[PDB]
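For reference, the structure discussed in these notes is given below.
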Amino acid sequence: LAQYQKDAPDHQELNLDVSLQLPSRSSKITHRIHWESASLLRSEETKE
Amino acid sequence: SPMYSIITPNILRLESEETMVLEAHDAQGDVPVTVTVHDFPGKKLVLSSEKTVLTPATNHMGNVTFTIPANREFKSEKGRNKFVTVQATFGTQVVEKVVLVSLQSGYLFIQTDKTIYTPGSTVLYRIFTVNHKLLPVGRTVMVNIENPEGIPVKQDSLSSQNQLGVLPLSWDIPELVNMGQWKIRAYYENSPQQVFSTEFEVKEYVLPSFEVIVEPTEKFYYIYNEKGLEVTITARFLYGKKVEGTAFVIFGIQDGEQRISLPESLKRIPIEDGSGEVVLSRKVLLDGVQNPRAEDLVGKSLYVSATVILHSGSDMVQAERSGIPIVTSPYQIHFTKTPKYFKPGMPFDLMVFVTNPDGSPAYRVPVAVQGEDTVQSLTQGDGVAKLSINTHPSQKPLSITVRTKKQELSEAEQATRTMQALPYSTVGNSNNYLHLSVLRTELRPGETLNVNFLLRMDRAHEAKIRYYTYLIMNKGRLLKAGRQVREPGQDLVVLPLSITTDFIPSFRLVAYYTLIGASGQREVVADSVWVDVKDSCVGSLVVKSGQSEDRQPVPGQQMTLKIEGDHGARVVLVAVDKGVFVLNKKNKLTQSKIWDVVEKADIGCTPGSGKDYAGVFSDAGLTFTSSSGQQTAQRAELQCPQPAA
Amino acid sequence: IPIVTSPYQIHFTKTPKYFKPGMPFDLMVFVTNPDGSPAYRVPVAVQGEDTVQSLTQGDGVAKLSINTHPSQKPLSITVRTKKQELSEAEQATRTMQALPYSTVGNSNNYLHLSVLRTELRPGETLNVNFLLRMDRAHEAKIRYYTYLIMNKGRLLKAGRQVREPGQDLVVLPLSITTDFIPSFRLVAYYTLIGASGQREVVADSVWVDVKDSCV
Amino acid sequence: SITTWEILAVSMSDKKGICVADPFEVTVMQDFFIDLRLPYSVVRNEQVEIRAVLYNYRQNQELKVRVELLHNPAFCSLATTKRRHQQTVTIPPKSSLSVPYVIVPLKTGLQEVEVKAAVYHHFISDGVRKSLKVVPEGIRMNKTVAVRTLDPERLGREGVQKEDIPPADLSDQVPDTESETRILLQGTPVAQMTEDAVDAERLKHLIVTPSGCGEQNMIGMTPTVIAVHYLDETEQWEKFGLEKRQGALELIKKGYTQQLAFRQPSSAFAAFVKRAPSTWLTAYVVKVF
Ligand SMILES: *[C@@H]1O[C@H](CO)[C@@H](O[C@@H]2O[C@H](CO)[C@@H](O)[C@H](O)[C@H]2NC(C)=O)[C@H](O)[C@H]1NC(C)=O
Ligand SMILES: *[C@@H]1O[C@H](CO)[C@@H](O[C@@H]2O[C@H](CO)[C@@H](O)[C@H](O)[C@H]2NC(C)=O)[C@H](O)[C@H]1NC(C)=O
Ligand SMILES: *[C@@H]1O[C@H](CO)[C@@H](O[C@@H]2O[C@H](CO)[C@@H](O)[C@H](O)[C@H]2NC(C)=O)[C@H](O)[C@H]1NC(C)=O
C-alpha cells in the first residue's frame with residue numbers, strides 16, 4: 001500500500017509540443033503543455 | 001533538574017526572518033545551546049547555523065535569529081501541507097518539535113493611475129513589493145492581466161532588486177476589446193500559490209462636470225418609522241460650486257444578491273442651492289411589497305438610484321447609495337474583542353464591540369450587563385466599551401449578556417448579544433492562576449502602557465515564583481521577549497511598555513510562570529490579551545501646498561508642491577481628476593486597507609486567554625515545548641477555526 | 001523669558017510622598033516649560049535603571065512606577081529626562097524622598113489603589129482597582145470596602161463595595177460626569193478586628209485631574 | 001482642465017516601510033471659461049449637436065459674450081474661412097449658459113474640434129480645443145471560427161498531428177478596419193486513478209517498543225518502521241499526530257541500537273550470539289534496513 005502510493009498512478013501524461021506557422025512567419029510560436037500548465041491558458045493575438 | 005524551554009510561532013514563513021527564543025528554567029551555571037533546522041519528513045538538513053549560551057547573568061535567556069531559504073526542492077509541493085523540524089540542544093539534553101510552514105513570502109500592492117479606462121488608452125501601474133514587515137524586498141514577480149471571462153492577455157516577469165521595491169510598468173489598451181471588468185493578478189516567483197489581485201473597468205465615457213452625493217439621514221431604516229427613510233441629495237460642480245438642476249430618484253430593495261425595484265417610489269425634485277431632498281414614506285414601501293408583514297422585511301436591504309441633469313441640460317450624473325439595512329436595531333453588539341475564557345474566582349474584563357448597522361463603529365453609546373443595571377459604560381472612539389465582572393470560583397460556564405441603555409430609544413430598539421464564556425483549567429485543578437489587566441485606550445506611538453501581572457496561588461508556593469516570562473507577538477512574528485523579576489510578597493508587579501511604530505496595528509502579549517508544585521509536579525500557568533493600536537503610517541508622509549495664497553490657481557499656472565516625509569524615502573505620485581472617482585471610486589488603495597490585509601494574515605485567532613496554558617499559546621499563535629514534557633497543542637491548519645455565528 | 005541651563009522643569013507635585021512598603025508604587029511626574037506651560041512628549045526616566053522610561057502626555061504628566069521592597073527606611077526617588085540630541089547639562093532632574101506607610105501595630109496589612117492615567121472627559125468610564133494585602137486568616141473577615149468622593153470641598157458620592165473571600169482584587173467602574181470637574185479625590189478604606197483583638201483601620205487615597213471645560 | 005484634482009502619494013522607506021499618504025486636493029479654476037462636452041464617438045456623416053457650456057461666477061455682474069465656432073476642414077458647419085459662425089449672448093451672474101452648435105463629421109478618426117469665446121468690456125477670454133472619434137457606421141461582432149479537439153495519439157496517427165485554421169470569410173466587414181484573431185489553447189486536466197488509502201484511524205496501535213532477543217527485537221521493530229513510511233507517503237500525520245513521528249523515531253533508533261547488540265562478528269544475526277547464525281533472519285534485516 002505504500003508503493004501503491006509514494007509514486008501513485010495518475011491519469012496525467014501531458015507532454016504536448018505544439019507549434020504554429022504564422023502568416024507573417026518571421027518565427028514559429030512554440031509552447032509546451034505539461035501537468036503544471038494543464039489548466040493554464042495560452043493565448044495570442046493578431047491584428048489581421 | 002532544570003527545565004529547558006523553546007518558544008516560537010505556530011507558523012513559519014519562507015523568505016523572511018524568524019525569531020527563535022530560548023530559555024532555561026530554574027537553571028544553574030552556563031549551558032551551551034546549539035541550534036539546527038531539519039526538513040520533515042526525513043533528514044536532508046536545511047539549516048545548521050546559530051548557537052548561543054544560556055547564562056544565569058541573563059536569567060538563562062537567549063534570542064537568536066534565522067532565515068528560511070526556499071529553492072526548487074522547497075517550492076515543489078504547492079497544494080497540500082508540509083512541515084519542518086526545529087532542533088535545539090541544551091547542553092546534553094535535546095528538545096525538538098515539528099512546525100507547520102506557510103508558503104507565503106510577503107505582500108504585493110498594485111496602484112493604477114485610474115480606476116476606469118477608455119479603449120485606445122494607456123494604463124500606468126506601479127507594483128510595490130514588500131516582505132512581511134512591509135519593508136521593500138527585491139524579488140521576482142509574475143504579473144498577469146486577465147479579461148472579463150478570465151483570459152490572460154498580457155503577462156510580465158521582472159525583479160525589483162536595486163529598484164527599492166517599486167516596479168513601474170505600462171501597457172496600452174487596444175480598441176478591439178470587450179468592455180467590462182478587467183483584473184490584474186500578481187504573485188511572487190517563490191510563492192506561486194499566494195495570489196494578489198485588484199480590478200478596474202473598461203468603458204466608453206467622457207468625464208462629467210459635477211458630482212452627486214446621496215445622503216441618508218441615518219444609514220439604516222427602522223421599520224416602524226411612520227415618516228420613512230429620508231435621503232438628502234447634494235450636488236455640486238467638480239471645482240466646488242453649487243449645482244442647479246432637477247433630480248429623478250427611485251428606490252429599491254436588495255434581498256441577498258438579487259435586487260428588486262420599486263417603480264412607484266419615483267419622485268421628481270428640483271435641485272436648488274446645490275441640494276434636494278426626497279422621502280420614501282412607510283405606506284409606499286408597504287404598498288410596493290406584496291407581503292403585508294413588517295416582520296419579514298427585517299434582514300433585507302435597500303438601495304437608492306438617482307439621476308440628476310443640470311438646468312442647462314448639457315450633462316448628467318447617475319449616483320447610487322446601496323446596502324442600507326432594514327433593521328429593528330440601530331446598533332449591533334459583538335463580543336468579537338472579548339475573550340471567551342474566564343478565570344474562576346478572579347475578576348474578568350469585557351471588551352464590547354458595538355457598531356452601526358452598516359458596520360461603522362458606534363460612538364458614545366452606553367451599554368450595560370443584563371445582570372445588574374448599575375454596571376454601565378459608554379463606548380470609546382473605536383466602538384469599544386469596557387465592562388467587568390467579579391467572578392466566583394464556578395467551574396461551570398458563565399453566560400454573559402450585554403444590552404444597551406441609550407436614552408429615548410425603546411426596548412425593541414435596544415440591541416443585545418448573548419455569549420457563554422468558559423472556565424480556565426489549571427493543572428490538576430490546583431486553582432493557581434495568572435491574571436492580566438491593562439488599560440484600554442487608543443494607542444499612539446510614543447505612549448507608555450502599564451502591564452499588570454496578578455499572581456494567585458497558595459503562599460507556600462509563592463516564594464518559589466521569582467520571575468515572569470513575557471513575549472510580544474506582532475504581525476505573525478516575535479518582536480520582543482524577556483523576564484520580569486519578582487521578590488516574595490509582590491503578587492502584583494508593574495512593567496511599563498513604551499509603544500514604538502513597530503507595534504502597529506495590533507499585538508498580543510503573553511505571559512507565564514512555572515514551578516514544581518502540588519505533589520512534586522511541574523505546573524505551567526499562562527495568560528494572554530489582545531490590544532488594538534491606532535492605524536497610522538510607520539513613517540509620516542504629508543503632501544500640502546507650497547503657496548499660502550492665490551487660492552484656486554489659473555489653468556496651467558506654476559505652483560509649488562511641498563512634500564514633508566521621512567528621510568531616505570522614495571515617493572511615487574499620481575494626480576487624477578476627481579470626476580474619474582465620481583464615475584468609479586472602487587479598488588482605491590489606502591493605508592487602512594493595508595493594515596486590514598495584514599490583520600487578515602494574522603495567525604492568532606482569539607482576543608486572549610484560553611482553556612489552559614496550552615490553549616493560551618495556541619490561540620495567541622505561539623508554540624511551546626519544554627524538556628519536562630509540557631507542550632502546546634498540535635496545529636495543522638493555517639487558517640483560524642470559524643466561529644459558530 | 002528665563003535664562004536657564006534646563007529647557008524643562010521637573011516637579012513631583014502630582015506624586016504622593018508616601019509609599020506602601022513591599023507593594024509597587026506609581027509616580028506621576030509633572031514636567032513644564034521654563035515659563036510654566038506644560039511640556040508635550042518629553043521622555044523622562046528614573047535615575048535608577050535606564051530601562052524604565054516614559055513620555056509625557058498632553059497635560060505634561062508622565063507615568064513611571066517601581067516595584068517596592070518592604071523597606072521601613074525612606075526611599076529616595078530621582079527622575080531625569082532622556083530627550084535626544086540634548087546634552088547631560090541640558091537634561092533636567094529632580095530629587096525627592098518618599099516616606100513609608102505605618103500600619104496599626106506594625107501589622108503590615110495594607111490597602112493599595114491603582115487607576116488609569118488619562119485626560120478625563122465627562123461621559124467616560126474609569127476603572128478603579130482595589131488590592132487587598134493581609135494574611136489569609138483575616139482575609140475572610142474583610143467583606144466590604146467603604147469609598148467616598150471629595151470634589152470642590154464637599155462630599156459628592158459615597159457607598160460600599162462588597163468583597164467575597166479569595167477575591168483580593170476587585171474592580172469598580174466609575175462614570176465621569178460634569179460634577180467631577182476640575183479635580184477630585186477618591187478615598188477608600190476597610191476595617192476589622194484583627195491581631196490580638198484590636199480595631200484596625202487601613203485607608204488609601206488618590207487625586208485625579210479632570211479636563212478643564214464648561215459644565 | 002478646470003476641476004479639483006486629487007493627488008495620491010505613496011512613499012517607500014527602507015526602514016519606515018510603505019506609507020500611503022492622505023490625498024491632497026488642488027482646485028484649479030478660472031472665473032470665466034468654456035466646457036465643450038463632446039460624445040466619445042460619433043457616426044460619420046450624420047448631423048450632431050455639441051453642447052458648449054459657458055460659466056460666469058461673478059457675484060453681481062452679467063457679461064456680454066461673443067462666442068464663435070471656428071472653421072474645420074474635417075467638420076462641415078456654417079463656419080467657413082470667409083464667413084464665421086458667431087453669436088452674441090448674455091450670461092447672468094452665478095449661472096451657466098449652454099450654446100448649442102450643429103456640425104457634420106466628414107472623415108474618420110480622432111479629428112479636431114475648436115471653439116472660442118471672449119467678453120466685451122473686459123479682456124478675459126477662453127478657448128477649448130478637444131478631439132473626438134469619428135467612427136464609421138457598424139458594430140462589433142465576436143464570432144467563433146472553430147473549436148476542435150487536439151490529440152496527436154488519436155488524430156493524425158502515431159503521435160503526429162497537423163491541423164489548419166482558415167481565416168474568417170467576414171463579408172460583412174467594414175472596409176479598412178482592424179480585425180483581431182484571438183487564438184486560445186487550454187490543456188485537458190485529467191485526474192483520479194487513485195484508490196483510497198487506509199484512514200490511519202486503527203493504525204495507531206502499530207507503534208511497538210522493541211525489546212527482547214534479536215529476533216524478538218526485530219518483531220517489535222517490524223510494525224513501527226513500516227508505519228512511518230506508510231504515513232509519510234500517505235501524508236496522514238495530520239490525523240495521526242505530528243508528535244508521534246518523533247516519538248516513533250526514538251523507538252526505531254532504539255530498535256537499531258538493540259539490533260546491533262546481537263550482531264555476530266562475521267556480520268550475521270541470530271537470537272543470541274551463542275546460537276548458530278540464521279540465513280533467513282540475516283536476509284530479513286537487510287530487507288528491513
Ligand atoms: C462578445 O463579447 C461580449 C463582451 O462584449 C462577451 O459576451 C459577454 O459575456 C458576459 C459573461 O461572461 C456577459 O456578462 C456579457 O453581458 C456578455 N456581453 C454581451 C452579451 O454583449 C462575449 O465575448 C461575446 N458575446 C456574444 C454574445 O457574442
Ligand atoms: C535579542 O538579541 C539581540 C542581539 O543582537 C538584541 O539586539 C540588541 O538589543 C539591545 C538591547 O535591546 C540594543 O541595545 C542593541 O542595539 C541591539 N542590537 C543591535 C545590533 O541593534 C535584541 O534586542 C534581543 N531581543 C530580545 C527579545 O531579547
Ligand atoms: C443619599 O440619599 C439621597 C436621598 O435623597 C440620594 O438621592 C437619590 O439617589 C438615588 C440613587 O442614587 C437616585 O435614584 C435618586 O433620584 C436620588 N434622589 C433624588 C431626589 O434625586 C443620594 O444619591 C444618596 N447619596 C449617597 C452618596 O448615598
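So you can find residues: chains in the C-alpha cells are A, B, ... in the order shown, residues in each start at 1, and ligands are numbered from 1 in order.
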Counting only C-alpha atoms, which residues from chain B have an atom at most 10 Å from any atom of chain A, and could you show them as a PyMOL selection string?
chain B and resi 150-154+176
Excluding same-chain residues fewer than 4 positions from residue 15 (chain D), what lies within 10 Å of it counting only C-alpha atoms, as an MDAnalysis selection string?
chainID B and resid 133:136 538:539 566:569
With 7 Å as the limit and counting only C-alpha atoms, what residues in chain D lie close to chain B? Please list them as JSON, numbers by chain.
{"D": [1, 2, 3, 4, 5, 6, 7, 8, 9, 10, 11, 12, 13, 14, 15, 16, 17, 18, 19, 20, 21, 24, 27, 28, 29, 30, 39, 40, 51, 97, 98, 232, 238, 242]}
Keeping only C-alpha atoms, write the selected residues to a file as a compact mmCIF listing (two decimals), in the first residue's frame.
# COMPACT_ATOMS: atom_id res chain seq x y z
CA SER D 1 -8.68 71.15 -17.21
CA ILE D 2 -10.91 73.03 -14.75
CA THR D 3 -11.71 70.72 -11.82
CA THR D 4 -10.44 69.73 -8.40
CA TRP D 5 -7.55 67.28 -8.75
CA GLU D 6 -6.95 64.50 -6.23
CA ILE D 7 -3.25 63.64 -5.82
CA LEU D 8 -2.42 60.18 -4.46
CA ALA D 9 1.04 59.81 -2.91
CA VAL D 10 2.66 56.59 -1.65
CA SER D 11 6.13 56.52 -0.10
CA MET D 12 8.57 53.62 0.25
CA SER D 13 11.18 53.74 3.01
CA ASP D 14 13.86 51.10 3.62
CA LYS D 15 13.40 51.49 7.40
CA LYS D 16 9.93 53.04 7.81
CA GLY D 17 8.20 50.81 5.23
CA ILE D 18 5.37 51.65 2.86
CA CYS D 19 3.15 54.64 3.65
CA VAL D 20 0.11 55.70 1.63
CA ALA D 21 -0.36 59.40 2.32
CA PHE D 24 -4.10 66.21 -1.42
CA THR D 27 -8.86 73.12 -7.13
CA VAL D 28 -7.92 74.72 -10.46
CA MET D 29 -10.42 77.27 -11.74
CA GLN D 30 -10.93 80.38 -13.87
CA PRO D 39 -19.69 62.46 -27.05
CA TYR D 40 -17.00 59.78 -27.00
CA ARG D 51 -23.01 71.42 -26.13
CA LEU D 97 -25.29 79.18 -20.18
CA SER D 98 -25.11 76.48 -22.85
CA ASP D 232 4.96 9.55 5.14
CA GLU D 238 -2.43 15.41 10.28
CA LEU D 242 2.88 15.02 14.20
Dump as a VMD selection string the residues of chain C that approach chain B to within 8 Å, counting only C-alpha atoms.
chain C and resid 22 to 24 41 52 to 57 63 to 67 69 116 123 to 125 166 to 167 169 to 171 173 175
I'd like the neighbourhood of region 248-250 of chain D as a PyMOL selection string, where a residue qualifies if any of its atoms comes within 8 Å (using only C-alpha atoms), though same-chain residues fewer than 2 positions away should be ignored.
chain D and resi 207+224+228+244-246+252-254
Residues within 7 Å of ligand 1 should be enumerated using only C-alpha atoms and all ligand atoms and returned as a VMD selection string.
(chain B and resid 148 to 149 178 to 179) or (chain D and resid 141 to 143)
Dump of C-alpha atoms for the selected residues, as a tab-separated table (two decimals), in the first residue's frame:
chain	number	residue	atom	x	y	z
B	148	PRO	CA	-13.77	39.64	-18.06
B	149	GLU	CA	-14.19	35.87	-18.55
B	178	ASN	CA	-14.71	43.64	-24.67
B	179	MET	CA	-16.00	46.26	-22.22
D	141	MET	CA	-19.00	41.24	-33.81
D	142	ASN	CA	-17.11	38.49	-31.96
D	143	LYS	CA	-17.85	35.31	-33.89
List all protein, DNA and RNA residues that have at least one atom no more than 12 Å from any atom of ligand 2, counting only C-alpha atoms and all ligand atoms, and write them as number ranges by chain.
B: 7-8, 19-23, 52, 58-66, 469-473, 477-483; C: 50-51
Counting only C-alpha atoms and all ligand atoms, what are the residues, protein, DNA or RNA alike, that approach ligand 3 to within 9 Å? I want them as an MDAnalysis selection string.
chainID C and resid 148:149 155:159
Picked from chain A by DSSP as strand (DSSP E or B), as number ranges by chain:
A: 16-19, 30-33, 41-45
Output file for the selection above: C-alpha atoms, as a PDB file, in the first residue's frame:
ATOM      1  CA  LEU A  16       2.482  18.101 -25.828  1.00  0.00           C
ATOM      2  CA  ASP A  17       4.736  20.099 -28.143  1.00  0.00           C
ATOM      3  CA  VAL A  18       2.533  22.395 -30.231  1.00  0.00           C
ATOM      4  CA  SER A  19       3.863  24.909 -32.756  1.00  0.00           C
ATOM      5  CA  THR A  30       6.039  27.194 -29.862  1.00  0.00           C
ATOM      6  CA  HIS A  31       4.902  26.274 -26.350  1.00  0.00           C
ATOM      7  CA  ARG A  32       4.792  23.166 -24.170  1.00  0.00           C
ATOM      8  CA  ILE A  33       1.974  21.618 -22.140  1.00  0.00           C
ATOM      9  CA  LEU A  41      -4.485  29.251 -20.655  1.00  0.00           C
ATOM     10  CA  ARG A  42      -2.205  30.253 -23.529  1.00  0.00           C
ATOM     11  CA  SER A  43      -3.449  32.990 -25.837  1.00  0.00           C
ATOM     12  CA  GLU A  44      -2.106  35.017 -28.755  1.00  0.00           C
ATOM     13  CA  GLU A  45      -3.495  37.983 -30.696  1.00  0.00           C
TER      14      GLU A  45
END
Taking the chain letters and numbering used in this document, name the residues of region 178-282 of chain D that DSSP puts in helix (DSSP H, G or I), as a ChimeraX atom specification.
/D:202-205,214-233,237-240,243-262,279-282
When the cut-off is 9 Å and we count only C-alpha atoms, which residues of chain A are near chain D, given as a PyMOL selection string?
chain A and resi 1-14+16+33-35+37-48
Point-to-point distance from CA of residue 352 (chain B) to CA of residue 338 (chain B), Å rounded to tenths:
6.5 Å
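One distance worth recording is that between CA of residue 115 (chain C) and CA of residue 152 (chain C), which is 20.7 Å.
Omitting residue 308 (chain B) and its sequence neighbours fewer than 3 positions away, and counting only C-alpha atoms, the residues within 6 Å are residues 246, 247, 316 and 317 of chain B.
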Atoms to include: N, CA, C and O atoms. Write the selected residues as an mmCIF file, in the first residue's frame.
data_model
loop_
_atom_site.group_PDB
_atom_site.id
_atom_site.type_symbol
_atom_site.label_atom_id
_atom_site.label_comp_id
_atom_site.auth_asym_id
_atom_site.auth_seq_id
_atom_site.Cartn_x
_atom_site.Cartn_y
_atom_site.Cartn_z
ATOM 1 N N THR B 246 -32.462 69.403 -11.805
ATOM 2 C CA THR B 246 -33.644 68.655 -11.396
ATOM 3 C C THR B 246 -33.261 67.184 -11.301
ATOM 4 O O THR B 246 -32.654 66.645 -12.229
ATOM 5 N N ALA B 247 -33.609 66.540 -10.187
ATOM 6 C CA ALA B 247 -33.220 65.162 -9.916
ATOM 7 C C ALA B 247 -34.414 64.232 -10.069
ATOM 8 O O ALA B 247 -35.540 64.580 -9.696
ATOM 9 N N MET B 316 -25.146 65.021 -17.261
ATOM 10 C CA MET B 316 -25.985 64.127 -16.477
ATOM 11 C C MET B 316 -25.096 63.195 -15.665
ATOM 12 O O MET B 316 -24.106 62.668 -16.182
ATOM 13 N N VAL B 317 -25.452 63.000 -14.391
ATOM 14 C CA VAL B 317 -24.733 62.116 -13.477
ATOM 15 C C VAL B 317 -25.750 61.177 -12.841
ATOM 16 O O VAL B 317 -26.823 61.614 -12.411
#
Might you pull out every residue within 8 Å of residue 72 (chain D), with only C-alpha atoms counted and same-chain residues fewer than 5 positions away left off, and present them as a list in words?
residues 77, 79, 80, 112 and 113 of chain D
Go ahead and dump the residues you just picked, N, CA and C atoms, as a PDB file, in the first residue's frame.
ATOM      1  N   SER D  77     -19.904  72.909 -41.219  1.00  0.00           N
ATOM      2  CA  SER D  77     -20.805  73.724 -40.418  1.00  0.00           C
ATOM      3  C   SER D  77     -21.016  75.038 -41.159  1.00  0.00           C
ATOM      4  N   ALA D  79     -19.443  77.656 -40.269  1.00  0.00           N
ATOM      5  CA  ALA D  79     -18.139  78.306 -40.213  1.00  0.00           C
ATOM      6  C   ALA D  79     -17.312  77.926 -41.436  1.00  0.00           C
ATOM      7  N   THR D  80     -17.037  78.906 -42.289  1.00  0.00           N
ATOM      8  CA  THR D  80     -16.058  78.799 -43.363  1.00  0.00           C
ATOM      9  C   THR D  80     -14.968  79.844 -43.137  1.00  0.00           C
ATOM     10  N   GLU D 112     -10.240  66.928 -34.959  1.00  0.00           N
ATOM     11  CA  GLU D 112     -10.115  68.103 -34.100  1.00  0.00           C
ATOM     12  C   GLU D 112     -11.336  69.018 -34.195  1.00  0.00           C
ATOM     13  N   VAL D 113     -11.801  69.507 -33.037  1.00  0.00           N
ATOM     14  CA  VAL D 113     -12.883  70.488 -32.930  1.00  0.00           C
ATOM     15  C   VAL D 113     -12.414  71.619 -32.015  1.00  0.00           C
TER      16      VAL D 113
END
